[PDB]
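Residue numbers (full-length UniProt numbering), protein chains in the order written: chain A, 1 to 240, 246 to 371; chain B, 1 to 240, 246 to 371; chain C, 1 to 240, 246 to 371; chain D, 1 to 240, 246 to 371. A virtual CB, placed ideally from N, CA and C, is assigned to each residue, including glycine. First up is the structure itself, then whatever we jot down about it.
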Ligand SMILES: NC(=O)c1ccc[n+]([C@@H]2O[C@H](COP(=O)([O-])OP(=O)(O)OC[C@H]3O[C@@H](n4cnc5c(N)ncnc54)[C@H](O)[C@@H]3O)[C@@H](O)[C@H]2O)c1
Ligand SMILES: NC(=O)c1ccc[n+]([C@@H]2O[C@H](COP(=O)([O-])OP(=O)(O)OC[C@H]3O[C@@H](n4cnc5c(N)ncnc54)[C@H](O)[C@@H]3O)[C@@H](O)[C@H]2O)c1
Ligand SMILES: NC(=O)c1ccc[n+]([C@@H]2O[C@H](COP(=O)([O-])OP(=O)(O)OC[C@H]3O[C@@H](n4cnc5c(N)ncnc54)[C@H](O)[C@@H]3O)[C@@H](O)[C@H]2O)c1
Ligand SMILES: NC(=O)c1ccc[n+]([C@@H]2O[C@H](COP(=O)([O-])OP(=O)(O)OC[C@H]3O[C@@H](n4cnc5c(N)ncnc54)[C@H](O)[C@@H]3O)[C@@H](O)[C@H]2O)c1
């Protein structure tokens, strides 16, 4: 198979859907990899690095997509890329089709086999989304610390204090992948950290991981109100009626900070109702700084690329070795990735949400 | 030399001034040790244990004191023991002579060489008092936890909480030997622990020992007021105008507990103005339980005996090998131990406080 | 729905089946909550706290039970409360019906829908019993430390020793919820801690949680005999022929302590054959102190109330929102809670043990 | 005595030379404190907070300086404040007189008793500079992490990586107060941290503090070259020929970051030859981002104020209680603070460096 990785073109997107490590996995298993010029550079991988791993460097986006059996990306194709679609092309990337009626329609009618990173799933987890959740949680505590600096609108404290000075209070809401990764960094900055979760077994697991390094708190509206009022930094760690209400935010001390990782989806914090750009990253409501930039992992493209590609490529490699049909037969997790194939919407919830007829991927590809 | 160790006779005193380990140190260096029957039993050392180490077991208190060159004890001789004094007798024990005008007078006029554990001193520390300070601090957090149990008058919490439940707040005032030993146990019980100290370098040392396991807080009246109000347990760790005022105690939550280790000396907590017995161990003022039992180390006599004897006997052994005069010549720390010799008060502060003429121990023994 | 929470009336029962946090969960979801006067006070929640959360404060027990659709408690109704039963009343509390033939008969014939906290079950665990197991294990190490104090009959040591003095040996038998919670506190007190378990995978899990902070030991009679003989404190952490025999206890050092958490059920320690009250808390057999007070969590009512209510109320809230029938249809864990409904014994093992006809709760409620 | 604390007027200076805690120390000891409006607000202390502690709030800078015996500040008086000087006025603040020939001349000829925080000294340490060193080191690792984000010019990594991804390399040069505080935060962010120091005993002390959490490396030019080349982040932790050479920086990987805490004094990094403002915070040389903003502690004014005032006020309080002459007689550390009194330069190194006659402070004040 021939695999192609164009440079990401969305604004300030510095990640890339393969690394030299990925190229070498494909080349060792008999395959050919094409990389557009400067694809890796935002993630500090140069054309020479990809070439040394055994890839061909391709001048023009167009020739990568045209010469490849499968294109891998990080983001969704933009309209400027619809031109490169073709029947039987495999596209492997983050798609978010349920919220992109238009992209779905063009993929469907262009004959694309479109595989979504975010719907590959083993049990209750999505293994190709986990890496960005992890990165996101690590980032949240770091960004929280930055916006607690007076120059960025914060009340001007260190989470760790210094000897003889009290520590900052970090309240994390949600103790899964995002929250657990945030708690590691917030404990490392020297904060008093409290992790709030609905699920008492998850709190027991966190008590076995963290011990005395944190406080675990059952999630209910009084526990959240009381915790958030005392908090220097609140981290909304629940990606999925709002858990932190305007009245709760109103009770917070001026110059406190709120980082809500689900800001793109509305958030769990009522006051965090809108997103913002890198150049205008916060707004203040009731004296409280709200960090509104989405795609935190986007701020550490090199970590985010390696974490993503560490888990995407072993899936991509099944497709290269076996072709899509055998790969999704052999691997039910990959099967749930196929959103579009051969004229049909092949993922139930996308079909339902947008009004097409669910057609199973295996059936669709016959 | 012949060394004698009577059984302690003060009420419920279970410690003892030597262990088999001590006996064996003396016997190996040429000496004879006498132990009264049941001397060690409150500390779980039996006559057979002392005998196996090479000691003689003596039926009657009187014969131990009469046959011995030096008697070692833990407490001060009671009036019931003045009868056993004699000129040239060495007594090595805890004396507290500055606060016992009467005992001092009888020791002076009986011709006793009286050596106080608590005035042996190297630099700024008293090495034969350190062990009871350590034991005391370890005990304070344990006793604090007990009196936070509802049956003992406390509000009924675990310092550690359980998963999903907040931890208790322990505020320790004083970050030296007592406080540092208390913080180890309070952190181990799972409390949020704050250590308050005047000395910013000591707070830096505690931050290097404990890291993120505690909060260090500079000592001033607002820091103490604010910390004590939030505290489930306050531990007064300063042995030396009161640091915790009635108004501060009044702001505390009902069922909170105060353990003040200097209760014998007045305390640093205004409300803790009196001491109490094991059978009536607390009183409540403003809803706050005050643990009033003195001699905490007395509750763990076996640990307290071993910790004491580990450091008293190497000093006692210099006296056995060299006689008092050479021992105090060779060892200035031991010299400062001699409070009474040969008619004179040989420790300045005792002479001053009680109105006798300071006479140096070396001069006094000539 | 109207929910009522009387004050617990068993002797010295200071817990309570709801907190302001619970009240607010019910009020936000459309419900009415009634609280009898002084219900929360043993757990340090006042009528004003419940009122501020949106509850009505009710003068007389009788009016709470009469005006409520569902009564929540901690303990079983006493005979003095049979008067308040009525057909169609929901009672949610700890029942222990298999061991209370009489209570079961009155609940059956009074027409009560009786739901037992202790038989709600997900897989192999009982989620509404877990919190008291956790509290119990945390308490066991603390009580162990207390009874090792000479005034309480112990040999007079600190588990942690002090510098230059050996640590105490804690042997915990059973490495599940109770034992794991005890090991956290015993390690925190500075003990040498050994955890004995039958299940080598649980020992591997404990080695990953605790590392070098403990010794894991396979459970067999020689490992237990040898461990218990060396132990200052033994904690029986197995709730379910006796694992510690009289001969094993006989080999222990005088002034050692045994806390057996299953004392109510006979225990795993042969010598611990009877229970005792707070005022007479131990007996000595073969020189070994046996702590015989049951209901350890009862000594920290405030922690125990919050830990219980953190998990009981989300179940109670399904009943309030959906009524018993829909709640147990939708939630098999809650279903296994229903012990008595509408004339029938609706929990197999209660029916079998007491000689009634098992009738499924859904069938029974038709 | 009357103490006055004006609002700091240097650009973006948000610290303040007293807190309510400080006010209360002064008021309890008989003194009067004046605070200008909005003095504390950059540090989140409001006029109401100072008033509640017992201070008078003063409308105009001028009236604070005129009515006060002693003015306390954080920064040096600006020219705009020379007007408020007067003979016999005590000024207590950070002065840096050796590098301010002009300020020194005006203080001398205005008759000011000028006491420098930064020359109070006990042994080899300056206790009123320690707090900003601590804050500075804590900040350096946090700022380092920020500038490793791609949007701030960095190569785009997390220091901690995520599971399956390598950690970032932090190299700290200097293992004293600044470096040790940086290492705590860099270890907490999950970096591989190496601390370089000349002094092998300091490396032994760091190995006892940190254990396996760091690598200690002896300082020599090859160790530094090799460490810096492998480093994602270098922190210059030496306040005092350059330790990191342009050739060493040239060998670093593009998008690496250098935070040199002595940037104000020239730095230990050759490439870091100039300082920059908050709005233009870095420059790139040889692909390496150089953070050039000075006064890091200035970014966390509230922590910095509390850490400073925790140690300045106990010195200020000796002056209030005893007057300058007795205070500096009784306290040699404070004595070395007096830089200017009563016409003379009273600190040797200032006199020498600027060409005046050293006159001892006690002599000068006669
Ligand atoms: N698309 C999704 O959001 C989704 C759904 C299921 C699982 N996942 C998996 O988890 C990752 C996403 O990270 P995540 O940390 O947000 O999810 P997660 O499942 O790892 O954790 C979410 C946590 O939030 C807790 N929670 C839910 N409601 C809460 C409330 N009201 N109050 C407090 N806590 C509450 C849950 O108990 C859980 O522990 C993905 O990488 C995937 O592996 C994703
Ligand atoms: N007899 C004494 O009380 C005495 C005096 C000097 C040293 N020591 C040594 O210390 C042991 C006694 O233990 P200790 O822990 O009480 O003494 P310690 O000297 O070890 O510690 C006392 C601590 O209290 C702090 N402190 C003092 N005033 C304070 C205040 N107002 N607010 C907050 N902190 C304050 C000090 O800075 C110090 O760190 C003895 O074993 C001996 O070695 C004894
Ligand atoms: N009613 C019960 O006793 C019961 C039964 C099943 C599970 N549970 C769950 O566990 C909690 C009760 O706590 P727990 O810690 O007693 O139970 P647990 O299941 O958490 O742990 C008991 C432990 O004892 C060990 N064990 C059993 N026999 C042993 C032996 N002979 N020697 C040594 N170890 C032995 C088991 O391997 C297990 O690890 C409840 O909260 C519930 O969640 C309860
Ligand atoms: N004004 C000063 O710079 C100064 C001088 C002496 C002490 N101090 C004290 O220290 C604080 C200042 O912080 P700091 O951390 O910079 O000083 P510090 O004295 O705490 O530490 C500096 C460290 O740098 C190390 N070092 C020196 N030359 C080195 C080299 N070539 N390579 C590697 N390591 C080297 C030293 O061994 C020392 O451990 C002040 O708060 C004060 O307490 C200040």
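Cβ-heavy atom distance between residue i and ligand 1 below 7 Å?
i                      : result
residue 133 of chain A : yes
Span of the alpha helix (DSSP H) holding residue i?
i                      : result
residue 236 of chain A : Run containing residue 236 of chain A: none in the alpha helix (DSSP H); it sits in the beta strand (DSSP E), 233-236.
residue 181 of chain B : 177-188
residue 346 of chain D : First-last for residue 346 of chain D: 343-346, but that is the beta strand (DSSP E), not the alpha helix (DSSP H).
residue 330 of chain D : 306-335
residue 255 of chain D : 251-255
At the level of alpha carbons, what is the spacing between residue i and residue j?
i                      : j                      : result
residue 221 of chain C : residue 353 of chain A : 58 Å
residue 340 of chain A : residue 334 of chain A : 7 Å
residue 163 of chain B : residue 309 of chain C : 11 Å
residue 179 of chain C : residue 170 of chain D : 41 Å
residue 175 of chain D : residue 193 of chain D : 12 Å
residue 172 of chain B : residue 166 of chain A : 14 Å
residue 142 of chain A : residue 7 of chain A   : 28 Å
residue 22 of chain A  : residue 318 of chain A : 6 Å
residue 32 of chain D  : residue 114 of chain D : 20 Å
residue 123 of chain C : residue 201 of chain A : 13 Å
If I follow the unbroken beta strand (DSSP E) through residue i, where does it start and stop?
i                      : result
residue 226 of chain A : Where residue 226 of chain A is concerned, there is no enclosing beta strand (DSSP E), although the alpha helix (DSSP H) it sits in stretches over 221-229.
residue 92 of chain A  : 90-93
residue 71 of chain C  : 70-72
residue 116 of chain A : 113-116
residue 263 of chain D : 262-265
residue 192 of chain D : 192-197
Residues in the same chain with beta-carbon distance under 6 Å from residue i, minus the five sequence neighbours each way, listed in chain order, please.
i                      : result
residue 347 of chain B : 369, 370
residue 111 of chain B : 87
residue 116 of chain D : 95, 342, 344
At a cut-off of 7 Å, is residue i close to ligand 3 when judged by its beta-carbon and the heavy atoms of the ligand?
i                      : result
residue 199 of chain A : no
residue 202 of chain C : yes
Grab me the residues of residue i's own chain with a C-beta within less than 8 Å of its C-beta, minus the 5 sequence neighbours each way, in chain order.
i                      : result
residue 274 of chain B : 234, 236, 247, 248, 249, 254, 263, 265, 295
residue 177 of chain B : 130, 133, 134, 137
residue 316 of chain B : 127, 128, 130, 131
For residue i and residue j, which I take to be in contact (beta-carbon distance under 8 Å), what is that distance rounded to the nearest angstrom?
i                      : j                      : result
residue 283 of chain B : residue 151 of chain C : 5 Å
residue 216 of chain C : residue 208 of chain C : Not a contact, Cβ separation roughly 10 Å.
residue 139 of chain A : residue 238 of chain A : Wrong, their Cβ atoms sit about 16 Å apart, outside the cutoff.
Here's a check: name, in chain order, each residue in its chain whose Cβ is nearer than 7 Å to the Cβ of residue i, leaving out the five neighbours to either side.
i                      : result
residue 76 of chain A  : 93, 94, 95, 96, 100, 103
residue 251 of chain C : 275, 276
When you measure from the CB of residue i to every non-hydrogen atom of ligand 4, does any distance come out below 7 Å?
i                      : result
residue 209 of chain D : no
Quick check: is any heavy atom of ligand 2 less than 7 Å from the C-beta of residue i?
i                      : result
residue 217 of chain C : no
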